[PDB]
Structure formats: C-alpha cells, structure tokens
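**Student:**
Chains as they are written, first to last, in PDB author numbering: chain A, 1 to 111; chain B, -4 to 0.
(1) How would you label residue 38/A, buried or exposed, when you count the other beta carbons within 10 angstroms and need 16 or more for buried?
(2) Whole angstroms are fine: how far does the CA of residue 93/A sit from the CA of residue 109/A?
(3) In chain B, which residues lie with their C-beta within 8 Å of the C-beta of residue 75/A?
(4) Are residue 49/A and residue 90/A close, meaning C-beta to C-beta below 8 Å?
(5) Where does the unbroken alpha helix (DSSP H) through residue 24/A begin, and where does it stop?
(6) For residue 29/A, tell me which candidate among 71/A, 5/A, 100/A, 69/A has the shortest Cα-Cα distance.
(7) Is DSSP giving residue 104/A helix, strand or coil here?
(8) Please list, in chain order, the chain B residues whose beta carbon lies closer than 8 Å to that of residue 60/A.
(9) Measuring CA to CA, which of 98/A, 42/A, 102/A is closest to residue 62/A?
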C-alpha cells in the first residue's frame, strides 16, 4: 500500500509551495478511501499545522487519541501525541537560544 | 511513530 505513503509526502510538498487546495486534496483522498480511520484525521491535523491553523491541530490531536483503545492502534496513540507536541512545536519555536554560537538565526553574534 | 515532516 506504499502509494498512500508517497501521496501524503506530495501533500506536505504542495503546502511547501502554496498549493494548499491541492495539498488538502491529498489529505481528502485518504479520508475518501478510509472514512473512519484515524490515519486520515492524523493527516488532516498535519495539513492544519501546514496551513498555520495550529489552534485546530491541538484540538484534533485530542479527538484522534479517542481512536486508540486496541493493539491495532498503539501506533496511532504515539502518532497523535507527537503530532500534538509538534503542533505546539511549529507554533511555539523561535530557534533563537540567546546563548553561545551553536546554531542561532543568521548574523546575531558572529559578525 | 512518525508521519510527515
């Protein structure tokens, strides 16, 4: 079933150009073929953090943790808990450590 | 378990 793994990478790549409605069409394919699987909601939560609506993604990750009760869905249980951390990650990070010279934004303390 | 960057 590897086509459904490269079609979600096409979705992320389309959000990386600005083709947001074709990128949404790629998550919508997953829920079109799998209407009741939490995989499709995990890819909608991905699309929301790739369209800058992280306030929806922090709620939708809680909604997807409600799809975890069996040994069929232990991967889903990890998948929405890292999606929740990385929604808060993508909104809350600023990449400035304000100390040393290990990474930094460009310039800052090496000019 | 990770899915999309």
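For every residue, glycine included, the Cβ atom is placed at its ideal position computed from N, Cα and C.
**Tutor:** Walking through what the data contain:
(1) The sequence position of residue 38/A within the first chain is 38, counting from 1. Buried.
(2) Here residue 109/A refers to the residue found at position 109 when the first chain is read from its first residue. Here residue 93/A refers to the residue found at position 93 when the first chain is read from its first residue. Per the coordinates, the alpha-carbon of residue 109/A lies some 20 Å from the alpha-carbon of residue 93/A.
(3) Here residue 75/A refers to the residue found at position 75 of the first chain. The contacting residues are -4.
(4) By 1-based counting over the first chain, the position of residue 49/A is 49. By 1-based counting over the first chain, the position of residue 90/A is 90. Going by C-beta atoms, residue 49/A is nearer than 8 Å to residue 90/A.
(5) Counting from 1 along the first chain, the entry for residue 24/A is found at position 24. Residues 20 to 33.
(6) Taking the first chain and counting its residues from 1, one reaches residue 29/A at position 29. The shortest Cα separation from residue 29/A among 71/A, 5/A, 100/A, 69/A belongs to 5/A.
(7) Looking up residue 104/A in the first chain gives position 104. It is coil, neither helix nor strand.
(8) If you number the first chain from 1, residue 60/A lands on position 60. Scanning chain B for C-beta atoms nearer than 8 Å to the C-beta of residue 60/A yields nothing, as the closest lies near 14 Å away.
(9) Numbered from 1 along the first chain, position 62 holds the residue referred to as residue 62/A. For residue 62/A, the nearest C-alpha among the options comes from 42/A.
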